[PDB]
Structure formats: C-alpha cells, structure tokens
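Protein chains in written order, with the numbering used here: chain W, 1 to 128; chain X, 129 to 284; chain H, 285 to 411; chain V, 412 to 497; chain L, 498 to 669; chain G, 670 to 1274.
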Amino acid sequence: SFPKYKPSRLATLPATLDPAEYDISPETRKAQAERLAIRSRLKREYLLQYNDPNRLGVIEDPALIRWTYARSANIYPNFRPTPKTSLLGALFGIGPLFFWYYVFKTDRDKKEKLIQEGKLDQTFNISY
Amino acid sequence: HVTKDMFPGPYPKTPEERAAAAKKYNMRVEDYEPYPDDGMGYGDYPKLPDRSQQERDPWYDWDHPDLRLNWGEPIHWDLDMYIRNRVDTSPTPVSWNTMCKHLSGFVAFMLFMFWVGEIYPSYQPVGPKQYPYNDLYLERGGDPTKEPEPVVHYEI
Amino acid sequence: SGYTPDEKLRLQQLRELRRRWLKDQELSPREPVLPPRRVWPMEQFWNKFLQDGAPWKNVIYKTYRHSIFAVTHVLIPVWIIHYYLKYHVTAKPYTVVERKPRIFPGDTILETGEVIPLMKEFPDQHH
Amino acid sequence: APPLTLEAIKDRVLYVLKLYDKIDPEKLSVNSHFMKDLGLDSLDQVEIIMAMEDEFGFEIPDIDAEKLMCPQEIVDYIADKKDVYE
Amino acid sequence: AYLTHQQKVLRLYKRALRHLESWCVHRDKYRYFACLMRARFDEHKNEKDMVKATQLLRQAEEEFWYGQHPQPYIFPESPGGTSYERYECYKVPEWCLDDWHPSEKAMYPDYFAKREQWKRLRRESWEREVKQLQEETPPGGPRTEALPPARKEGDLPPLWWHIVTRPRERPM
Amino acid sequence: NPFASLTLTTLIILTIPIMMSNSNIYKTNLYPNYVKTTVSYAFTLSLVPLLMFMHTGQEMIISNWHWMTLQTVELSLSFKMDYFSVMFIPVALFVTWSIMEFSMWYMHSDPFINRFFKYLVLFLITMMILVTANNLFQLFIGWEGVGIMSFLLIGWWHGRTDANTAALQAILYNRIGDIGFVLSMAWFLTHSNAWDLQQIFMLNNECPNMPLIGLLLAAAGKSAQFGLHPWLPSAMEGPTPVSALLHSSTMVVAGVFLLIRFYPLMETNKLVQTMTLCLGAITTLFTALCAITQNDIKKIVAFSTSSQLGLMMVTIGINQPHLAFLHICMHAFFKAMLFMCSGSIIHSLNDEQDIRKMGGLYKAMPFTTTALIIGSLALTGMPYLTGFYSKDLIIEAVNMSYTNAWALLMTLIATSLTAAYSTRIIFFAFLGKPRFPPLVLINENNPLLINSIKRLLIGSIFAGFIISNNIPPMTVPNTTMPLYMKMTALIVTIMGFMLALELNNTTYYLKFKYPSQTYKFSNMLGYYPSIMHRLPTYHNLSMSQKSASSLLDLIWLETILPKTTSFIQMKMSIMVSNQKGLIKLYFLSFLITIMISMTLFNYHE
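Given below as structure tokens:
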C-alpha cells in the first residue's frame, strides 16, 4: 500500500500521524488539563496589563528576559571543561585555521616557485 | 521589574530544584526537560520540542501573531532558528528519506551520463569551415611579418 | 456541541460594542476640513473654461499638458545634454568614439570623393 | 468591491441554506437551530460550513466550526469577521 | 482544551474532501467522490465500540497523508493562502491616534471628539470590569481562556477594549 | 553625431520623476500618470536612436565623466551604445510603460501607490545603466541596484512574513551569483588590467578559464538557473506587476545579458561552453517539469520564464549570442502579456489565483482570452509570430551543431513541455466550467487594461517581422538541413499540444486519480526548495550558535587567553596576601632569603 512517512529533524512527524495522540488515557487526560490552565492564567494577567488604560510602558516578558540571559551571559557560569567541549573547541577552532594554512601556503609557494623561473604569465599583470 | 530568582542558573541536580526550575520557567514539573549537561552552559534552561513556529496552530489566538508565540510561556532556545522567516521544519507530504533520494537520484542522472553525452557528441555529417586567406590567419590576429603555413582547400 | 449560552450573550455584547466602534470610524461631511493653501493662477484660468467640458476645450488642455511636460522633460534635458557632450565631453578626446560607417564597394566619400572600386564579376549564381 | 450589508449577507446565507435538499424550503428560519429544528446531525454541520466557506471565499476556523450552528448566529460570525456595516 | 472523538472526525472530514476538491477540480467529479466520501464515512456509524472507532481513525489519517494533494489547495484568507496577513502593512493600532499633532487632530475633529468619548468608556468601566472579573475568577486564576460575559447591566463585558477596537480587516 | 545625445537623454529624462518625488510637490493622484508619461516619452525618445541604427549601424562609447585615475586604471562613467544596448532600450521601455498603465488598474486601493511607481522608476534607472554599461563597475552598479530593489519590490507588503522570506531568498540567490562577478572583476583587473568591456575584448584572453566560469556563475544568479533557480518562482509573492515586469521579462534576463555582452571573449574557450549547454538544458527540463503540475496562476508562467531563460542561454552556449538577443526582445513582449493577463483575471476573480477555481472565463473575459491564446501561441512558437522567429529558429540552430549529446533533447522535450503547460493554463483557467465562487464581480472593461494589453498585443503579433527583417545579418544563416529536424521545431509542439490536451481531458473523464510518485515529484518543485532550503540553511546557521557563538566566542576564545590569566593571578594571590602575621614565620623566611642569597645561589660567587 504505502510504507510510512518517516520523520526527521527537519521533516517532523505531524500530530495527525502521532500514535500517542490517538492513545488517550486517564493519566495523560488530567496531564493535558493544566496545559491550558497554565495558559489560561498567562492569558489573563497579560490581557489585564494589555488593556489597562493607565498602562504606559512595555509589558516585560520574564520568559524573554530569561532567554536573553541564557543565550548571552549564562553560558560560562554553567560551562564545564568536559572532554567533549575540548574536541569540539579544537575541531571548530584551530582546525579550519590550520586547514586554510595548508591550502594557502601550498598555493603561495607553488605560485612563488612558478614565477621565480617565469612560467606564470604577467605580460599585462601590472595592477598588483 | 523582575527579581534574580527567576533567571537561568545551573543545571538542576536534585528533583527538588528541578521542580523549582520548572516553576521559574512557569511550566509544570513533569514536562520540565533541562538541556543535557554534556559540556555546554545551557544551565537549567528547558528543552522545548525542536518544532518550528509554523507548526503552531494559526487559528489559535497568539499574543505575537508574527511569531505565533504567546506571553510568558517558555520560548525555545532557538526561537530565531524556528521563526517563520527562518528555518521551517513543518511536515512534508512525502518522507525525508524519499525526499533526498529522488532529488539526489535526479541530479546523479544528469551529471553521470552528461559525461556520456559529451563523449558521444551529436552533430551533422559536416566538415570543417573551409576558409580563405590561409584560414584568415592574418585577420585572426596572426603575425603578418612571419609567413603563415599555407592552408588551402580545392573543390570537390 | 455548540456555544454554551454565556459566551453568546457575551459575543453580542462585543458585537454591539463593535457595532458602535466602526459606527464611529466614518467621517462627517465637513471632515477633512481642508486648511487653506495659496493657489497659483494657472489652475484658475484652466477651470475658467473647463466648466464647458466640450471636446476641444479639454483637448487643448491636454495639448498644453503634453507640451508643457515636453519642454521641462524633453527640451531642458537635451539643452544641457547637448551642451555637455558637444562642448565638454567631446572637447576631451577619446571620450566619444564612433564606429566608422562600413564602406561598401561602390560608395563615395564626401571629403575624398574617391569611389571604392566595385568588387569583380560575380560567379553568376542563379536559382 | 461594494460591501455586503447585514440584510445582504443574511440574504446570501438564505439562498444557500434554502438550496440544501436535506432541509425543507418552507420550514427554513433565521433562528432555526440546525440539528434539532431542521432535524440534522453533527455530520451535516461540516458540509454546511464549507458550502458557507465557498461563496464567501474565507475560512471560518475549525475551533469555531462546531458551534457555528444557527443561521442568525451564522451571519453574526461572518459580519464580525468582515466588519461590513450597511 | 480537548479535541475529543467528536471533533477529530469532523476536522478529518473537512481536510479530507477539501483535498478531494483539490484533486477532482471539476465540480461533477468532485460531487461524486464527495458523496462517496460521505457515504463511506457513515457506513460504520453504529460503532459503539470506541477501540474500533479509534482504530477507524487510523485508516482515516495515514492514507490521508498519502492521499493529500502534494500541492494542497488553500483559499487566500486562510493559513497558507496567498493573501494571509497581506494587509498588515496598513493595520496600524488605534493607540497611535492620540499622538497626532493639534493640526492633525483638527484635521478630523468629529472622530477625535467621538474617540475621546470612546476613551471615556474605557476609563470609568475598567475598574468595574476588573473588579467584576476578580469576584468571578476561580481560585488560582482562570481554568479556561474563555472570558466571562457582562454579569449585570451597564458594565461592558470584561477586558473588551482591544477586541472591540481591533483594526479592521480591510484598513487601507 | 545625434546618436550620443538622444540615447543619453533616454537615461537622463528617466530620472526627473524620482527627483520630483523627493520634492514631495506631487499631490498624489497625478503622480502615477506623470510617471507613465515620462516613461512613454522616454520610449518615443528611445526610438530615434533605434531607427538611426538600422540606417547605418554606428555604435559608440559615451565615456563622459572621469571618476578614478587609479594609476594605470581609468574608471570613468562609460556607456556603450551598441546593437544590444540601443535596441533593448525601446523594448524595455515599451513593456515597462504598458505595465505602468496596468499598475493603476490593479493597485487602486494601495495608499502607497506613489511609492510603488517611484520604485518602478528607480528600478528602471538601475536596469538602464546596466544594459548600457561599458565598464564592469557600472555593470555591478546595475547588477546590485536591481537586486536590492527586488527586495524592496516583491517585499512590498512587508506584512506577511512569507513576503520577507521571498525577499531574503531572492537576494540570497542573487548574492551567490555575484560572487563570480567579483571573481571576474578581480581577474580582469589583475590580468587584463582593465574593467571596461571593450579593452578586455581587445587584450584577447584566449584562455579565460577563471573569469568565464565566474561570469557563468553570475549569470546563474540573476537568470535563476540551477543551484540558484528557486528564487524565481518564489519571487511571485510580490504584486503581480512586480512579478510581471521585474522577473518575467526584465530582471531575470539581465543575467543572460551578461554573457552575451562578453561574447567576443566567451567563444575563445571551448570548455566554458559545455556547462552553458549543460546548465541551460537541465534548467529547461526542470522548470518546465514543475510548471506541468503546478496550480498557482503565477507559478505556471513564472516557471515558463525560467524555462525560456534556459532556452535562450543555450543559444549563446552554442555560439549564438545575437540569436539570444533576438530572444531577449520577443520573450519580453509576450511573457509580459501572460503575466499581465493573469494579473487581470486575478483582480476580477476576487484575488483568486488557483486554476482549480478558474474556468469558464473564455466567454466572460474575451479580451484577456484572445491575448493569452495568441500570447501562448507565440510562447509555443506559432509560425510567423513573434515567438517562432526566435524560438523555432533557435531550435533549428541548436539541433544542427557540434554540441553535447542529450543537451539537444531538453530544448526538444522542454519545448514539448513548453507547449504542454500552455495548453493546461488555457484549458483550466479559461476553458472548462466556471468553478469560481458564486458571486461574480468580474470585469475588464476599464480602458486602462484594454489599452495596456493592446499596446503589446500588436507587438506580440507584429513585432516578430519588424525586428527580423531590419536588423543586419549577424549570424550564419542555416540554409541546408534535413527536412525532419527543420520541421521538428514545429512538430514537437504538436504533441505538446496533443498529449497535454488528452491528459488535461482526463480530468473530464469521471474516475478517481491515483497520486503518482512522479506527480508528487513535480508538485514540490522537484524537491529542490524542500531540501536545499531546509538542510544547508539549518546546519550552517546552527553552527553559527552551537559552534561559532556559544562554543568559541562565549566559551573557548574567552576562556583561553583572558580568563585563564585572570584566574592565574586569582588562583594563588590568596596566600600572597594571606599571611598568619606571626613574627616567627616572617623572620624565618628572612633567614632562608639570606641563605639562598649568599650560600645557595651565591650572588657573590
């Protein structure tokens, strides 16, 4: 018939095809109750500040401020020099720098080798 | 406006501070998923599902309709990754493995025997462009001082 | 299964409140109360004969429109453009360079007057 | 495009519902509740709204679809969505 | 809060034959396969057993994902349409109005006078509606995002300004 | 003598409306009409250089103002009057003037109509100095001004985030192309020691490997060829006049316009032509393949544009530069009609743009019906029409040449598909039953439309002859060939009409349609936008945070040098200051210092 739609990181599995979505059960039944209950309170006080006549300001989002700290300042306070970070740091650090060193130096000596006896043509190459 | 205790700190060790972190991120205890503390400084920041903003229901009233994102609820560590403008991971009608196989199989068909195409060129039973004045040696930039090798062609 | 009465009784409350909202979003006949502006005499004698509206009245209105647009958009450019090339750009050599017209066997030159000899007898190819 | 008044939109919904074969062209009413008064079921509402979404061009949301089951309250939602005022 | 067993099939039907319309194109072709879609939908109406009914959901969705149009049809005004949030370029919020210069609000005096009266209604009804809200909130905030209506006369339904003064869908 | 002044004015007089716009004197209303008259008068001014050209054939260089005396390099404002320049100008002004008439019809409710017309003119300037550019820097001036204005123009309604997404995508693919443009500039300035085009031709780079592929990559950017194709179909997201003018007839063809302007240098290297045949071939097959099963009214024709672009740059591929320029004029004529016609029926059909809800408009809108049929017939190559004189002449040329083997079969097969989607667009949109919403508001009786379509209509009918005969012969005429492939330019479109008609009729046959795997392939634009816009963009930009920002700058680079030395002082400065204070410990230390000084290290010894 038709095998399946296999999900991936960029091709996620839809809720319609989700098996656990169709596997409703009492213990997860009350678990989805507070999902909206938490949402309901977050929509209540937001709207209260949203439509306050004297509200002349910006309604600060604590989640937004938390996201800014987590992605800007908190990385080092909770950083740990574990071995994995060292390979990742070395591979993405001095790795490409030395890789481009091999590429650039090889051409530079190859180009210098060629010109020093005059194989490369500079009949009109003056604007160096 | 905001106090220190509701800010991202260290990755939780104990379940008690795991629950406290969840309330700090105004989410319940059982869905709180701190990032793996492998070696990075993610701290106690929760791991929201890696799903784009597009997958969120458009019909649902969103506080930020541009981002389809509400107020106060935890936001993804990669909100910019999964914004509507940026990378979208919405489901596709056909599977991701078949997604690339047909595309890769397509371009492979092109390049592999375009080589076969170029080694067996298509043409007509034609000869060379018989040209006068020594194949236009002079007027094709040839040196007028040096006498060219005579290229001539008689009738048939 | 449908609305639970309460939400409906509320929606119509929002409906009538929305009823009055954009029942206040229109404009009275006087608004916008256009503030006065100084007026040129040019439109004064354009409308002094425009009210008739017969064919030739608006035709000459468009005829001047075309010419008045032309002078300020096709005359004053070529005035300064021709000034720019013929007396500044062409005054500097190698700035404006021209293809010499392709002379064909049998043509005559205005200055020299010598005719380029006609090419010799054709092989007489006829279909 | 000229706007549609409350009379016009109620007249437009009047035509499409009257055309429906399941209902009877003399019992139709603006306040007649679908599943009880006209004797419909829940799996008749769905085909009603798409037949309503068709001639109007826009889509009422699914979350507001199951409760969209009264001809007077039919036009109330559409008039709200297009803010067309006579 | 819940997409119970009732709506799931109702939404499933909606996306099913809308895809069919995207497939059949022609009205006569669409109608035949629409009624078959309808007839095949209720041929198992009497399915009291919920486990089989949830099972009948499984063969409804997985081939829908196979059978959905690879180029699904969407009307312009709905999610994915060619005209979704097209006019946000013109929708400017109502609060920008009071910033208008004296010349700018003298430009349209009647509207501003009426707008001031509209601002009055919000001012001396806000404290009434928030108080009305508080006395009717359940403990620990609200358990549902739905807003309560106007309990008594005079007071507007709670939290009404932005949903009423929302910019028109066709502002220009 | 007149040639220098008239063509220059066609550029200068095109910019006054921009300066008047900045003066704000325009009281709206009259401004769009004022813009149209300037463009129309620019067109009429642009004629008398063209009629001059066929009389004699003089082509000049109008280097006027010196900009840089950069040592041996002599950057100056230089415009090259040549056949490609002086002839494309009236064609470009003709299409943009007629659609300027069309823009008022469609966008009448837009509060920023004046800004829109100003944007249309500003693009026209940036394109104008591109087509007539003698030095490479002016080419980049046009090359980048046109791309920036697309971002402003198809991102007109900022509004929906998809419009900005198309704006970011369009500029990014254009950004990839000009990387080769910068590569060519570096090579030309270093090796050829110049940037004006004519000097590079003189210096005779008979082995220009690197500059030519960079130029080919630059053409691949603006022309939306493979690798960089999907920005064209996504560029429809803006207003239809933007999509009808910018990337249907003018902007996308500017990429092809680069290679032809470099033709005297291109043909020297045989190798550089093999990918031009390769690129143009597969692009025609792929873009036509998507257009077959697409549904958006603009998607079908937008893919047809890219398929046309692949066809015309195949010609310059096989030593046919001028024939590519021949196609540049015909394609700009009728393709604008097809987009403008679709824009007309969109407006009438309550801004609906999916063929599933069109149909039955053959009789409701006859004027647009006639325009599209004969517009599509030119697009398919109806003999003795505008399309045939270029497209079928091209097919007669490419098939008979030393070229890559299969590379002649896209232009054969794609032409069959080129006719195929033309039948589909005619069958679904205009023929068939009226599947549109019940409330009919359709109307096309506005004279602004009728004149706008009619202006190119006599063009799309009678231009083909009036460019074919007057221009001097500049290509070798194909005289003797077999009968079968000489007619195959016309035969191939016949089964393109036939097989597609039967396949379109299959929708009339009353039977369910199974979703084919190949049909799924064509509906997703051949899977390229799904993958290339998901995988490469996610991986690289995820590296921008996990590896680039967090790992190195915020963690590694800031913990290696600064914080380590900060901690080195921190680690043991404690007991430097932390001393017990006992006189015993202090004076015992003074003992050791004495012994180490005079006994152990023995500074005396």
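Positions of the beta carbon are idealized from the N, C-alpha and C atoms, including for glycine.
- Each residue's CA atom was taken as its position, placing G:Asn1271 and G:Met1241 some 28 Å apart.
- At a cut-off of 9 Å between beta carbons, L:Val522 contacts chain G.
- By the neighbour-count criterion, in which 16 or more other beta carbons inside 10 Å mark a residue as buried, W:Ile75 falls on the buried side.
- Using a Cβ-Cβ cut-off of 7 Å, G:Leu1030 is close to nothing in chain V; its nearest Cβ partner there is about 17 Å away.
- When rounded, the separation of the alpha-carbon atoms in G:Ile687 and G:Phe786 is 9 Å.
- Not a single CB atom of chain H sits nearer than 9 Å to the CB of L:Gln565.
- Note that the segment 375-391 of chain H touches the segment 720-738 of chain G; at least 3 beta-carbon pairs, one per stretch, sit closer than 8 Å.
- Here DSSP, grouped into helix, strand and coil, assigns G:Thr713 to helix.
- Excluding the 5 residues flanking it on each side, G:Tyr700 has same chain C-beta neighbours closer than 6 Å at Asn783, in chain order.
- No residue range can be given for G:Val1109, since it is assigned to no alpha helix (DSSP H) and is classified by DSSP as neither H nor E.
- Rounded to whole angstroms, the separation of the alpha carbons of L:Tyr563 and X:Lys229 is 18 Å.
- A direct Cα-to-Cα measurement between V:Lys421 and V:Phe467 gives close to 12 Å.
- Here DSSP, grouped into helix, strand and coil, assigns G:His724 to helix.
- Positions of the alpha helix (DSSP H) runs, each at least 4 residues long and wholly inside the segment 1175-1207 of chain G, are given as 1186-1192 and 1197-1201 in order along the chain.
- Interface criterion not met: the Cβ of V:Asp422 is under 9 Å from no Cβ in chain L.
- G:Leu884 and G:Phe931 do touch by the CB rule: their CB atoms are close to 6 Å apart, below 8 Å.
- Using a Cβ-Cβ cut-off of 9 Å, G:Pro671 does not count as an interface residue toward chain L, since no Cβ of chain L sits closer than that to its own.
- For V:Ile460, not one C-beta of chain X is nearer than 9 Å to its own C-beta.
- In the DSSP annotation of this structure, G:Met1143 is not part of any alpha helix (DSSP H), being labelled neither H nor E.
- Spatial neighbours of G:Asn1173 in its own chain (CB-CB distance under 8 Å, excluding positions within 5 residues in sequence) are listed in chain order as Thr1092, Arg1093, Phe1096 and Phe1097.
- Between G:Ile685 and G:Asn803, the gap from beta carbon to beta carbon reaches 9 Å or more.
- Close partners of V:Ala412 in chain G (Cβ separation under 7 Å): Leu1110.
- Cα atoms of H:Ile400 and H:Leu394: separation of roughly 12 Å, rounded to the nearest angstrom.
- The residue among X:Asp263, X:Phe135 and X:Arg179 with its C-alpha nearest the C-alpha of X:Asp216 is X:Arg179.
- Going by DSSP, L:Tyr527 is part of the alpha helix (DSSP H) stretching over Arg524 to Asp539.
- Under the three-pair Cβ rule at 8 Å, the segment 1187-1202 of chain G counts as touching the segment 955-966 of chain G.
- Proximity of chain H to G:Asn733 at the Cβ level (cut-off 9 Å) is accounted for by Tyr368, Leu369, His372, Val373, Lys376, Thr379 and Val380, in chain order.
- Selection G:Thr678, G:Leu1108, G:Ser767 and G:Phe1259 evaluated against G:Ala1005 yields G:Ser767 as nearest (Cα-Cα).
- Residue nearest to G:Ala1089 within the set G:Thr1187, G:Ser973, G:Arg1025 and G:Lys1026 is G:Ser973 (criterion: CA-CA distance).
- Under the Cβ distance rule, H:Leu311 does not count among the residues neighbouring chain V, no pair being separated by less than 9 Å.
- The beta carbon of H:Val362 is closer than 7 Å to none in its chain, skipping five residues each way along the sequence.
- With contacts defined by Cβ atoms closer than 9 Å, L:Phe561 and L:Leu509 form a contacting pair.
- Between the alpha carbons of X:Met155 and V:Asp473 lies a distance of about 27 Å.
- Non-local beta-carbon contacts of G:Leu791 in its own chain, meaning distances under 7 Å to residues more than five positions away in sequence, involve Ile687 and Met818 in chain order.
- Between the alpha carbons of H:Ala338 and G:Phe1134 lies a gap of roughly 41 Å.
- For G:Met796 against G:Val815, the beta-carbon gap comes to about 6 Å, under 8 Å, which counts as contact.
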